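Read the single chain below, which is given as structure tokens and is the form solved without the ligand.
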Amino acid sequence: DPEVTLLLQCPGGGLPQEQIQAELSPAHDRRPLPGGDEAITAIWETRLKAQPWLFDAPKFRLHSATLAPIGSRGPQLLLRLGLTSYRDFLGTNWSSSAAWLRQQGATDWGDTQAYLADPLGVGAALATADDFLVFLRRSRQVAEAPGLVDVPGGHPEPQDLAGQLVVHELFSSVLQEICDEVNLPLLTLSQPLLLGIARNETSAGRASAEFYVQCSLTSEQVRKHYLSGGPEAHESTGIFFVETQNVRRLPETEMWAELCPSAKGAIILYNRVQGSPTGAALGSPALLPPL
């Protein structure tokens, strides 16, 4: 799967909010482009002169994420974050020249991402009470990954002593994205666990934080809530469900070729962090079938 790389696999089946620190610093920002940020401004002007209803929005930038020594007390992860924007994303990661920017970043900074916006996404492996994961079909008319299968998620917009408010907004945003798109009541959702961070190599290496969320509703009840909003209540064109039993071998199915890279990241991390048992009971052959 060359279109997805794992940047972080969390320990302990996934990290809760209270175990994560963020450092939000202008040291973590994109570097100005070698010939100047005027190239980003020009692409934006061209875009707005065709689609004048578009608007810019701030985003978090991922610089790096460092895990504590395994089995340790105290905070377990440090997220190093900067600020970026939708405009900067359109002029860097989305640009036809994005690979030239990655080569220049290696040369100038020893950092393939130094000249990329790299907005931080969020996604969820959302499980039902009857042990299915939730999938969404993307419209064939959107700009990125048209017609592909996705999981719930989005690209959070901003607003350890400002750090803890940032971690709070990241965890809050994955629940809000589930409530907005799947139309689920917030009180049917568990507090999220961070499974890990995946990079989309088809979008010049931008990263998404991938979470596990449990729902107290069954697959049939989730479907009812999704559909009862009507076509204007969701950006996706359909919902569907795969048994957690069958997610284990999803990379061997015809579905895998239809999954967008960030959804592939979510399912790889679910299989490694929540699946793959470590103990004698769940590791026994009748509960963990060989092959």
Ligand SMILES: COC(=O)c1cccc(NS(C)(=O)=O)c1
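Heads up: residue numbers just count along the shown sequence, starting at 1.
If you look for the form solved in complex with the ligand, you will not find it shown, but the lines that follow are about it.
Judged by the 2.4 Å clash test against backbone and C-beta atoms, the pocket of this chain is open once the ligand is superposed from its pose in the deposited complex, as not a single ligand atom violates the cut-off. This chain appears without its partner; in the deposited complex, the one residue of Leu101, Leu83, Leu189, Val167 with a heavy atom within 4.5 Å of the ligand is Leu83. Out of the listed residues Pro58, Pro34, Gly229, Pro251, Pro58 is the one that sits within 4.5 Å of the ligand in the deposited complex by at least one heavy atom. Here the chain stands alone, but in the deposited complex its contact with the ligand, taken as any heavy atom within 4.5 Å, falls in 84-92 among 84-92, 101-109, 214-222, 189-197.
Looking at 195-219, no residue comes within 4.5 Å of the ligand in the deposited complex, counting any heavy atom.
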